[PDB]
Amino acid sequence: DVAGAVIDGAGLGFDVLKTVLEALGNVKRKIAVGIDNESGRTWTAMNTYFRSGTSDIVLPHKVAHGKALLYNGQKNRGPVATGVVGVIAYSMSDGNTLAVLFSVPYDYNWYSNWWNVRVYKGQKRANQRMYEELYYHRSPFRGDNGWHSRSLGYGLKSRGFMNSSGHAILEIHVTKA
């Protein structure tokens, strides 16, 4: 229980991500993240940048082709009106970086769920700079209960889904172009 689980790629789906959410218990804002590695490359965890919110687990360290990683986060605990906003960075065996943005706001009167995926040339750690590119400059997807596809370059693509609520799930599949 130091890291999030690694499961058979084919196992990843809505019910797995709801089980992850349920284990966090009834906190106001929380996310279950599932990324299926069908990239044909091994991933090695770099880091998670939390702009807001926290996790009691670290990224699964090694995620082979054919494996999905499970991850989670939740709002900072106590009377702060914040959500859970951060960036996951994995190193790929080609020397590049797979980056995932998740954004779950406190106030749905004015803000909505957002996610993003991208491949960076070389070894790039998750930080505020990467958050700002993925959020403000690289056409994030809305957590609109819709599936979205994108060509990542570097011979990969993504297909993913995020729901629209404060109890958020983010399912992503990286496959071969």
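Residue positions are given as counts along the sequence shown, with the first one as 1.
A.B. asks: Output the stretch having the higher mean C-alpha B factor in the entry; the candidates are 146 to 154 and 32 to 40.
C.D. replies: The stretch with the larger mean CA B-factor is 146 to 154.
A.B. asks: Would the CA B-factor of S103 place it in the lowest, middle or highest third of its chain?
C.D. replies: For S103, the deposited C-alpha B-factor lands in the lowest third.
A.B. asks: Is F50 in the lowest, middle or highest third of its chain when residues are ranked by C-alpha B-factor?
C.D. replies: Middle third.
A.B. asks: Could you say whether, by C-alpha temperature factor, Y120 belongs to the lowest, middle or highest third of its chain?
C.D. replies: According to the entry, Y120 has a C-alpha B-factor in the chain's highest third.
A.B. asks: Considering every modelled residue of the chain and its Cα B-factor in the PDB entry, is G9 in the lowest, middle or highest third?
C.D. replies: Its C-alpha B-factor, which the entry lists for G9, ranks in the middle third among residues of this chain.
A.B. asks: For the chain shown, is the CA B-factor of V16 in the lowest, middle or highest third of its modelled residues?
C.D. replies: Answer is middle: the recorded C-alpha B-factor places it there.
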